[PDB]
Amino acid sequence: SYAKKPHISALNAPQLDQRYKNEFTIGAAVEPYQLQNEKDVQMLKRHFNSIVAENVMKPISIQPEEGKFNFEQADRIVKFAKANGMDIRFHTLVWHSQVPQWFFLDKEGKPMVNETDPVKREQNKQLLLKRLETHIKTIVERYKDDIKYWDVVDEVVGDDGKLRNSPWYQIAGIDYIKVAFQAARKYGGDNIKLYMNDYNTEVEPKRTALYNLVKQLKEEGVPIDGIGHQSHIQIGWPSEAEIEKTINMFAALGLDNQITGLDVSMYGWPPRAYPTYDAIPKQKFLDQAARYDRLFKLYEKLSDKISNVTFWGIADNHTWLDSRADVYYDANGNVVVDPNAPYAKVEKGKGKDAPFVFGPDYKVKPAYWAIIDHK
């Protein structure tokens, strides 16, 4: 939406959170160093009223060795949010990636997944669940008064629609999910809100598997308050109709919905990225702006079912999507971005994506104008 609207500094632009303040909070994912950068601080103060840590609250960042808790980085994000009246989301108590390996070693130091004795396997289950409870207990006892929203587990359902067969599941079975939510509620009390977070929540068979899993857990009294939809999406996928169907499906269970990691990639999958920001054609930003226009129109339509929309970053100069921005080169060394076209080599993660409404120079994109207006 719209091109005659100018490329002005985002620090001079109408505030994004204020535009949406009766519909949902507007969040950004951050690293501690961005809180030491004048531009990023001014962006967070101007446009956002919710915050989450990109990385410093993940299990391996918090407890890299058993008994060694590293809260200093997480504390800095909590401090900044309190000083600026921001909601905080905790990402994340449990995840199969970025996972300290000590969790899954038995008393003899051997991988628990390798045990064959059923009596010893049950001992490893109880030991892993005890470690899980202590991890969650320590974090929630520190932050329960400060952090309202918790990703209790991330990505526990596989893309094949079965439970993800991570070491958590191999060793402890489904109970690791139940234990995590129960521990968060026990040590955090009734006022913190507990979420199951995942990507491709719109895609079958994952969508209905997520639905059935959460429905069953709530029937058994496991405290789950909502679903986090990571929403790592593309310009043309998934459809707005399928997003709407997903959000309604989970709201029908009585669950809150949060959009927890929104980015709108310029590319498909696997991505064939441009090598630099400057090489991305202007038309891509117009296509992106129209996608954002439709997306936030839908979020507003469903505002009674969505409490928060968080972007997985601040401005286009920093996005984890760049780690996926593979650049394909033909035999003559020219960039290939056509997903079917011939090519000779790929430089993995060397390109540039552009997923936000704010450009890498902190000036507003067409996508910003598309979601700040009321059309």
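Note that residue numbering begins at 1 and tracks the sequence as displayed.
According to the PDB record, 201-209 carries the higher mean C-alpha B-factor of the two stretches 258-266 and 201-209.
Stretches compared: 161-169, 192-200. Higher mean C-alpha B-factor in the entry: 161-169. Across the options 140, 152, 127, 156, the residue with the most elevated CA B-factor in the record is 127.
Highest C-alpha temperature factor among 101, 246, 283, 92, as the PDB entry reports it: 101.
Looking at the C-alpha B-factors along this chain, the one for residue 331 belongs to the highest third. Annotation for residue 291: C-alpha temperature factor in the lowest third relative to the rest of the modelled chain, per the entry.
Residue 253 sits in the highest third of its chain by CA B factor, as recorded in the PDB entry. Annotation for residue 64: CA B-factor lies in the middle third of the chain's modelled residues.
Ranked within its chain, residue 316 lands in the lowest third, by CA B factor from the PDB record.
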